[PDB]
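Reading through the structure tokens given below for one structure.
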Amino acid sequence: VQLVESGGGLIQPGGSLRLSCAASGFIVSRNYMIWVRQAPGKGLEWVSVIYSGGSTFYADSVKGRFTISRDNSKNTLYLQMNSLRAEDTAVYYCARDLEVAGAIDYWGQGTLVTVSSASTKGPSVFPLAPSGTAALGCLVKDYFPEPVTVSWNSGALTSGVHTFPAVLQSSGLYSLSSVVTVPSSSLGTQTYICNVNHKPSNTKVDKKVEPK
Amino acid sequence: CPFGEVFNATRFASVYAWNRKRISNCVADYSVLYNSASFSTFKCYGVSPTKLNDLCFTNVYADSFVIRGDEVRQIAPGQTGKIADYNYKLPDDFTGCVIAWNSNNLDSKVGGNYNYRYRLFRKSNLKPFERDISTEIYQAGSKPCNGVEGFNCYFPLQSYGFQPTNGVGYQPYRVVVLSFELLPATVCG
Amino acid sequence: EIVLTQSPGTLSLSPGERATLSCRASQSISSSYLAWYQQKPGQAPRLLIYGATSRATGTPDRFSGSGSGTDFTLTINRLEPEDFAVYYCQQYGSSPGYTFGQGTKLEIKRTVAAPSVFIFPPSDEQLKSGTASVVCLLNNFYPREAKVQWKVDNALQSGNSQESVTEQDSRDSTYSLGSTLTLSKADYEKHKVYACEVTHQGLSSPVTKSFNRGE
Ligand SMILES: *[C@@H]1O[C@H](CO)[C@@H](O)[C@H](O)[C@H]1NC(C)=O
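Residue numbers (PDB author numbering), protein chains in the order written: chain H, 2 to 82, 82A to 82C, 83 to 100, 100A to 100B, 101 to 127, 134 to 214; chain A, 336 to 518, 521 to 526; chain L, 1 to 10, 12 to 28, 28C, 29 to 108, 108A, 109 to 214.
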């Protein structure tokens, strides 16, 4: 028994996507089947339900845009999403529901949908230069889509490194910082290079961080 | 016509096993019904509660059962939900009335009253005025159930839990559905 | 519209203590229609309790549920390390038919640790491009609650900064936070003193780090 989801990706405002949920063990057409979504960093939100007898119900925020359905032959559940807005960005779970006989007891792994209207763009890398323990870092600014990977000295330096979660700026581009603390006596003797890699844009930067 | 023997019974049926009483060869009069103050719901479809007493029908049926407050809106034409789909289905051209009143004083009990049950699982929607009372184990997965409850193998009937403190949407409501049938009239007001 | 308000927003305990999470409904509901879920970072929710009190398949006995009406409770007896997670409550009886609470984070307790505060001016490379980003760093503190106040020529700045926080560190259980103040190059060169002032439980008084543009 398992629920496997697919079809997520990056789409523009006003565009359309279709999520699919191949079931195994469960028979989709005999169950209450739901979609629930989670926007990045936020709570769970119920999207839609299809009853084994064919009845369908929808959250207010998606009524008229989203359409749940199924194919008994493929044993799969679908979610057709039209007129997508930025706020529809989320991880989408299909899940089986048992109501008072068991609540939502099985959930698929989730599929990510991003609604953006931003174009692929490699990051700008700027040093955060140090002025007991010193701190130094890299500002990896104005990239899209996610993710960037950041390492220090090609992976030779891991102790003390904090790579912060990316934040979505008002421009629709992401930005994140990577910092590391070191002995301030190492500032004169050891070289600190942050290694930024953004696969969607095939950008690889190596920025050396020196005291100003 | 013995309306009181329907509205004033001591216990009601569970919705999945709703009760049907035939009413025939008697005088109707819907005055003590409509002009009662104790009815939370009294909606008519296809007729008119005003000019109800001065008409005739070949036969009338009174179906009675108990449901949750929030489900009374499903006892109407063209409704969907667990009750309309798997328990009691009104037809789309319904000609009759739906009467509902809160029975929290009668059907709630401190500690929970679980005597009233509804069908939660069913492969297909009921047809109008279908009564399904099977208690066959419901196969949600791929392996046969062989009449044994287990994972993916559920008893299709589930209890309401009626406690006096629940909010009114969770409180029990006694419903009576009056269906008028003009197929030689024998029920007039 | 039915609303589930979970509390507290964050619970900090050490392994083997007793965890009590509450859920309060904006209206009275039957206990049959309430469930509790655990969710670990990166994963799908995991059902723990349904019908207020019934243990899902695979839910160990240290998890117990209770309550009725407006108030419901999840109890973890003898916390285990794998129990630090987000916990959600859910109702499935009232319109629209599925509602979740906002979440309670159950996090590891440790001793108070004041942050080390660092301030970074924009680099010349960035300024050349026409934007200045001033970064303030708070390192290895506990607990998570910290106020970072940006001050430009002693004018408190609101609405042009964004904060970002690491997950609790797996070795010392502390937090780290970056706050970024974004200006245009023109507005950045209009002022002299840039300061971030940090307030935290572990600091006897707010600590300020600052720099003067071009120094
Ligand atoms: C049910 O009993 C009450 C008792 O006062 C009575 O007034 C009412 O008319 C009865 N319902 C009928 C006759 O339909």
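Virtual Cβ for every residue (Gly too), placed ideally from N, Cα, C.
Where does residue i sit, in a helix, a strand or coil, going by DSSP?
| i | result |
| --- | --- |
| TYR369/A | helix |
| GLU82/L | helix |
| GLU484/A | coil |
| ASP95/H | strand |
| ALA24/H | strand |
| residue 130/H | Missing here is residue 130/H; chain H as given proceeds from 127 to 134 without the residues in between. |
| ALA84/H | helix |
| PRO507/A | strand |
| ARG457/A | coil |
| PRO123/H | strand |
| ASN155/H | helix |
| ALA20/L | strand |
| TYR87/L | strand |
| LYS417/A | helix |
| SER177/H | strand |
| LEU14/L | strand |
| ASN440/A | helix |
| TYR52/H | coil |
| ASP144/H | strand |
| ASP71/L | strand |
| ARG66/H | coil |
| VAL5/H | strand |
| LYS201/H | helix |
| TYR33/H | strand |
Taking the Cβ atom as the reference point for each residue, do residue i and residue j lie within a distance shorter than 7 Å?
| i | j | result |
| --- | --- | --- |
| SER172/L | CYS135/L | no |
| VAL151/L | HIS190/L | yes |
| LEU176/L | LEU137/L | yes |
| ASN439/A | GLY54/H | no |
| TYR187/L | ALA131/L | yes |
| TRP36/L | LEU74/L | yes |
| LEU492/A | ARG452/A | yes |
| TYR145/H | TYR176/H | yes |
| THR70/L | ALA20/L | no |
| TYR88/L | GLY101/L | yes |
| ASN437/A | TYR489/A | no |
Go through its chain and collect everything with a Cβ distance to residue i's Cβ below 8 Å, but skip five positions before and after it.
| i | result |
| --- | --- |
| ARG71/H | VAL29, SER30, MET34, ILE51, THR77, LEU78, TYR79 |
Within a Cβ cutoff of 7 Å, which residues of the same chain sit near residue i, ignoring the five residues on either side of it in sequence?
| i | result |
| --- | --- |
| residue 519/A | Looking at chain A, the numbering goes 518 and then 521, which leaves residue 519/A without any coordinates in this model. |
| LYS462/A | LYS424 |
| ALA522/A | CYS391, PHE392, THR393 |
| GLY8/H | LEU18, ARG19, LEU20, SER21, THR107 |
| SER25/H | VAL2, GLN3 |
| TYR174/L | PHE140, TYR141, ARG143, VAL164, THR165, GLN167 |
| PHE400/A | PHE347, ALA348, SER349, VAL350, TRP353, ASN354, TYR423, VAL510 |
Candidates the options: which alpha carbon is nearest residue i's?
| i | options | result |
| --- | --- | --- |
| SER120/H | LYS143/H, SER21/H, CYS92/H, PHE67/H | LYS143/H |
| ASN450/A | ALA522/A, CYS488/A, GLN498/A | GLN498/A |
| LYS210/H | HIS200/H, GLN39/H, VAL181/H | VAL181/H |
| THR87/H | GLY42/H, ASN32/H, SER177/H, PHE166/H | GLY42/H |
| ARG346/A | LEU441/A, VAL503/A, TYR489/A, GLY504/A | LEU441/A |
| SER95/L | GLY174/H, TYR59/H, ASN197/H | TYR59/H |
| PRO121/L | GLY65/H, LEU124/H, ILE12/H, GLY16/H | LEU124/H |
| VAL48/H | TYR91/H, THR135/H, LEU138/H | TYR91/H |
| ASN155/H | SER115/H, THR193/H, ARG66/H, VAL5/H | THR193/H |
| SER187/H | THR110/H, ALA136/H, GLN13/H | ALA136/H |
| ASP83/L | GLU124/L, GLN125/L, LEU12/L, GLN148/L | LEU12/L |
| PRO202/H | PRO149/H, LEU159/H, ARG83/H, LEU45/H | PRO149/H |
| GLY17/L | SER157/L, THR207/L, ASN153/L, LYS108A/L | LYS108A/L |
| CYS195/L | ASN153/L, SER54/L, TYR33/L | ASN153/L |
| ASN159/L | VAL133/L, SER169/L, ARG170/L | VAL133/L |
| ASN487/A | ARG94/H, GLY44/H, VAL37/H | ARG94/H |
| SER112/H | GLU212/H, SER56/H, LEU82C/H | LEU82C/H |
| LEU96/H | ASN422/A, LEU455/A, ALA419/A | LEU455/A |
Between residue i and the rest of its own chain, which residues show a CB-CB distance below 6 Å, the 5 nearest in sequence each way excluded?
| i | result |
| --- | --- |
| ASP398/A | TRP353, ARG355, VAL512 |
| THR430/A | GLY381, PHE515 |
| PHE377/A | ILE434 |
| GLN161/L | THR179 |
| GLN474/A | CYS480 |
| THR207/L | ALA194, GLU196 |
_In chain order, each beta strand (DSSP E) run of at least 3 residues that lies wholly inside the stretch 175-207 of chain L_ = The qualifying runs are 192-198.
_3-residue-minimum beta strand (DSSP E) runs that sit fully inside the stretch 110-154 of chain L, ordered along the chain_ = Correct list: 115-119, 130-140, 146-151.
*asked:* Please give me, in chain order, every unbroken run of the alpha helix (DSSP H) with length at least 4 that falls completely inside the stretch 339-408 of chain A.
replied: Runs of the alpha helix (DSSP H) inside the stretch 339-408 of chain A: 339-342, 366-369.
*Runs of beta strand (DSSP E) lying entirely within the stretch 35-67 of chain L, each at least 3 residues, in chain order*: Listed in chain order, the complete beta strand (DSSP E) runs (minimum 3 residues) inside the stretch 35-67 of chain L are 46-50.
*Using the beta-carbon of each residue, find all residues closer than 5 Å to any heavy atom of ligand 2 and list them in chain order.*
With respect to small molecules bound, the structure shown includes ligand 1 and not ligand 2.
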